[PDB]
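J.: Provide a 3D model corresponding to the input given below.
(chains A, B, C, D, E and F)
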Amino acid sequence: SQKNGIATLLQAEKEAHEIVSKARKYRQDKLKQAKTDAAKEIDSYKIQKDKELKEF
Amino acid sequence: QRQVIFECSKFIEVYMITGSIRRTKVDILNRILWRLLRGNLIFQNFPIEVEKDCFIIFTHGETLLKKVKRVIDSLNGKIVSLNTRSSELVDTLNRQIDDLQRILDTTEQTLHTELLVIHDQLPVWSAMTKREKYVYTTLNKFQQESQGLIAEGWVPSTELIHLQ
Amino acid sequence: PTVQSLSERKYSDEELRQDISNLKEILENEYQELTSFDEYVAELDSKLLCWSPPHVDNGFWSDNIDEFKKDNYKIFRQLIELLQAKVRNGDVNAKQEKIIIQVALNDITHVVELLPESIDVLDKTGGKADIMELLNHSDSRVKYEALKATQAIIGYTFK
Amino acid sequence: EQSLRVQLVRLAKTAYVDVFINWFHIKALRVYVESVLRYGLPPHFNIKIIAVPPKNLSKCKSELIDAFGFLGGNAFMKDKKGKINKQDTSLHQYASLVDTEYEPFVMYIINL
Amino acid sequence: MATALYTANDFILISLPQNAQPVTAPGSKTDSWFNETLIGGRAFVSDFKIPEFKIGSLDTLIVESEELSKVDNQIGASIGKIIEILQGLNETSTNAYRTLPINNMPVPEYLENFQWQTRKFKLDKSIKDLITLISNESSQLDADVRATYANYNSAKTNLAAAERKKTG
Amino acid sequence: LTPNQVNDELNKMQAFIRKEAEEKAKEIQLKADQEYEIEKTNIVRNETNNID
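T.: Numbers count the residues shown, from 1 in each chain, chains lettered A, B, ... in the order given. And now the structure:
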């Protein structure tokens, strides 16, 4: 069980790195999401500013 | 470096640092790492067979891993990090041991070729200098007055006519 | 070399001394005072190589390394190519080809010992193997130069 | 001198109590920090402060070393009664600075 | 000790897993062992469980242990100085200034309600800064008592010198 | 020590490595939620100024 144990320890270290990287992956995505979820608020203001123009 | 791989693949077959060290510094490295990491280590040693020694540390954790290396590299310990395999570096290292042993067998053959013409000639080159320095040490004892040396010294009266 | 030895062991008459000193100056002055880059390029191109006073100096190489670069030390690479060529073509231990090898090998040690990047060049061209054969190839100056050529390479690969 | 004298006795007294609470802070935190770092799981520890009646400290420490030391290591529990202290070269060292022998289980001793 | 206690007792702080067991006399509960077995049942056992601290990383943990150790000697040092200054002044009691109940409340008793005291130390704060605050506090106090005594010793020299000028 | 004892500590090792990393990873993703909102408000205020 010596080299069976080392490999579990080794796996333990990858699982830890993956856990850390997963949180970093979250932020990366959240940076693209911030642009996505900001694009929907903007174009709804754009067609309202045209509406009150079509009135004038 | 071959032996600290052979004696640390065997330890796994029966956060860790593997390297070489002189044997007279193993106990002081054990004590300094035990006083740095309060406990928190599993320190082994296996004699490489100047005499040297291997060591395994198992630095259980982080934030001192670059500080254990400042203990090892201070008292002239050479860490051997592998990180790939204990069977792939051994081939690339035995491909250098014999490749450099052949350069030993070339240059030492050239050395023993050169020493043949010298070992039978040193009693001439040495005995030239031993008397040439003895000539100039005696020529320092003369006068050098008027572009000619004056040698004043003693000789027995029986050997006066032999000098003359 | 003969003149330099003479200078220590001078002859009583003054005029003799003057001749020893004046001759000594021209021979020595003349070789060193020519540009380092010129001398190296001139020998490699014509394919005729011989040791000379500034051609064996450490300084000669030190100045000339940077200059070589044009396509990853293209000139140095041509030299390794010349050492390689000579051994394979026309055999070895023929008077001409044997002179060049000792010189080519002296030049390559100094350059290699100087710059660690040279190690890639031996490997790419395939000069590193050629040197291992040269230890085995006859004559004392040849195996001597090959051993020096090998020790400079080794030092940077594995310390 | 008189003005300094009143001020100084008062200040020492106030300082004393404060320096004492801070000392006990460090020790409590130093046993928690040590315990998590050496033992790991389980998250919560069973911590006690045992008051030893005077001059029986040694015999107390020995009954603890023998009782609990096994957890630390089978060879790492030796019999000791009284604080063993070593400081000779790097072949014998005892301190939290550097050590090559210590308590096998987490123990700090507090004396006033 | 027998003069450096007069209403205190001496303490051992230990921490064990809640899975620890005694092998002095097996089969016993750790809690039961401390009371019954440890030096003839004379042992007074008090709780000292302090809650969690935030811990940022594995590397940083190591660095925390370093700070805890040095400061703790430094604070021990600082108490050594304060007690030395009280004796110097000629303040000695049979129950104070060489024992001194914490806030005029016995020492074993103070530790029994020491379950992490709050004076500007918070159990939801980061660990590192708290270590620094405790050490800063003590250091400043230490400078204060030292500085005041220096001026006391100097002031005494002026009085002594002056007494000879008026009659001697 | 004995291989068994050294394996109890081994188990502890991978425990530590995992726990400090989960703790690190929670802080890391919590800065990522503060950052989402804040970046989103900043894009919007800039843009409505242009539209204005």
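J.: list the contacts of residue D:46.
T.: E:15-18, E:20, E:30, E:49 (Cβ atoms under 8 Å, 6 or more residues apart in numbering or on different chains). Backbone N, C-alpha and C define where each C-beta goes, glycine included.
J.: again, only this time at 7 Å
T.: Taking Cβ atoms under 7 Å, 6 or more residues apart in numbering or on different chains, we find residue D:46 in contact with E:16-18, E:20, E:30.
J.: swap in residue C:40?
T.: residue C:64.
J.: how would you label it: helix, strand or coil?
T.: helix (DSSP: H, G, I helix; E, B strand; the rest coil).
J.: next: residue D:101.
T.: coil.
J.: could you find the closest non-adjacent residue to it?
T.: In this structure, residue D:101 finds its nearest non-sequential neighbour in residue D:94, 5.9 Å apart by Cβ to Cβ, 6 or more residues apart in numbering or on different chains.
J.: got the phi/psi numbers for that neighbour?
T.: phi -150, psi 130 (degrees, to the nearest 10).
J.: so residue E:5, which of the three states?
T.: Here residue E:5 is recorded as coil under three-state DSSP.
J.: with residue E:99 instead?
T.: coil.
J.: so after the strand or helix carrying residue D:27, what's the next helix or strand?
T.: According to DSSP states H and E, residue D:27 maps onto helix D:2-39. Proceeding N to C from helix D:2-39, the next assigned helix or strand is strand D:46-52, under DSSP H and E.
J.: so what are the sheet partners of that following strand and their directions?
T.: strand E:10-16 (antiparallel), strand E:44-47 (antiparallel) (DSSP bridges).
J.: helices of chain A, start to end?
T.: A:2-55 (DSSP state H).
J.: quick one: the helices in chain C?
T.: C:2-8, C:14-32, C:36-46, C:58-68, C:74-88, C:95-114, C:118-125, C:127-136, C:140-157.
J.: the fifth one vs helix C:140-157, what angle?
T.: Taking axes from the mean of the first three to the mean of the last three Cα atoms, to 10 degrees, one finds helix C:74-88 and helix C:140-157 inclined to each other by 130 degrees.
J.: quick check: the residue of chain C found nearest chain E vs residue B:43, distance?
T.: Closest to chain E within chain C is residue C:159: 29.7 Å, counting by Cβ to the nearest Cβ. For residue C:159, the distance to residue B:43 (Cβ to Cβ, to the nearest Å) stands at 26 Å.
J.: out of those two, which sits in the busier spot?
T.: residue B:43 (17 against 6; other Cβ atoms under 10 Å in any protein chain shown).
J.: run a quick neighbour tally on the residue lying closest to that one once chain neighbours are set aside.
T.: Closest residue to residue B:43 apart from its sequence neighbours, by Cβ to Cβ, 6+ apart: residue B:30 at 5.2 Å. A count of nearby residues for residue B:30, using other Cβ under 10 Å, gives 20.
J.: quick check: the gap between residue B:30 and residue E:62.
T.: 19 Å.
J.: try residue B:94
T.: Taking Cβ to Cβ as the measure, residue B:94 falls 39 Å from residue E:62.
J.: so if I had to pick from those two, which one is more boxed in?
T.: residue E:62 (21 against 11).
J.: report the buried residues of the host helix or strand of that one.
T.: Under the criterion of DSSP H and E, residue E:62 resides in helix E:58-89. Residues of helix E:58-89 classed as buried by neighbour count (16 or more other Cβ atoms under 10 Å in any protein chain shown): E:58, E:61-62, E:64-65, E:67-69, E:71-72, E:75, E:78-79, E:82-83, E:85-86.
J.: same list, the residues you listed, but only the ones touching chain D.
T.: E:61, E:64-65, E:68-69, E:71-72, E:75, E:78-79, E:82, E:85-86 (Cβ under 7 Å from any Cβ of the partner chain).
J.: distance to residue A:20 for these - can I get that in JSON lines?
T.: What follows is those, written out as JSON lines (distance: Cβ to Cβ, whole Å):
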{"residue": "E:61", "distance to residue A:20": "16"}
{"residue": "E:64", "distance to residue A:20": "21"}
{"residue": "E:65", "distance to residue A:20": "23"}
{"residue": "E:68", "distance to residue A:20": "27"}
{"residue": "E:69", "distance to residue A:20": "29"}
{"residue": "E:71", "distance to residue A:20": "31"}
{"residue": "E:72", "distance to residue A:20": "33"}
{"residue": "E:75", "distance to residue A:20": "37"}
{"residue": "E:78", "distance to residue A:20": "41"}
{"residue": "E:79", "distance to residue A:20": "43"}
{"residue": "E:82", "distance to residue A:20": "47"}
{"residue": "E:85", "distance to residue A:20": "52"}
{"residue": "E:86", "distance to residue A:20": "53"}
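J.: which among those gets closest to chain F?
T.: residue E:61 (7.4 Å).
J.: how about the residues of chain D near chain C?
T.: So chain D never meets chain C (Cβ under 7 Å from any Cβ).
J.: what does chain D have sitting close to chain F?
T.: Contacts of chain D with chain F, taken as Cβ under 7 Å from any Cβ, map to D:40-41, D:73-75.
J.: need the max-distance pair from the residues you listed.
T.: Spanning the widest gap among the residues of chain D next to chain F are D:41 and D:75, at 23.0 Å by Cβ to Cβ.
J.: ok, and the closest non-adjacent residue to the residue in chain D that chain B sits nearest to?
T.: Closest approach between chain D and chain B, counting by Cβ to the nearest Cβ: residue D:98, at 1.0 Å. Nearest residue to residue D:98 in three dimensions, chain neighbours excluded: residue B:35, at 1.0 Å (Cβ to Cβ, 6+ apart).
J.: how about residues contacting whichever strand or helix holds the one you found?
T.: Per DSSP H and E, residue B:35 falls inside helix B:26-36. The contact list for helix B:26-36 (Cβ under 7 Å, 6+ apart) reads B:21, B:41, B:43, B:45, B:53, B:55, B:57, B:64, B:67-68, B:71-72, B:75, B:77, D:90-91, D:93, D:95, D:97-100.
J.: tell me what angle that helix forms with helix E:58-89.
T.: 80 degrees.
J.: mind giving me the packing neighbours of the next helix-or-strand element following helix B:26-36?
T.: Next helix or strand after helix B:26-36 toward the C-terminus (DSSP H and E): strand B:44-47. Using 3 or more Cβ pairs under 7 Å, 6 or more residues apart in numbering or on different chains; DSSP states H and E as the contact test, the elements touching strand B:44-47 are strand B:52-56.
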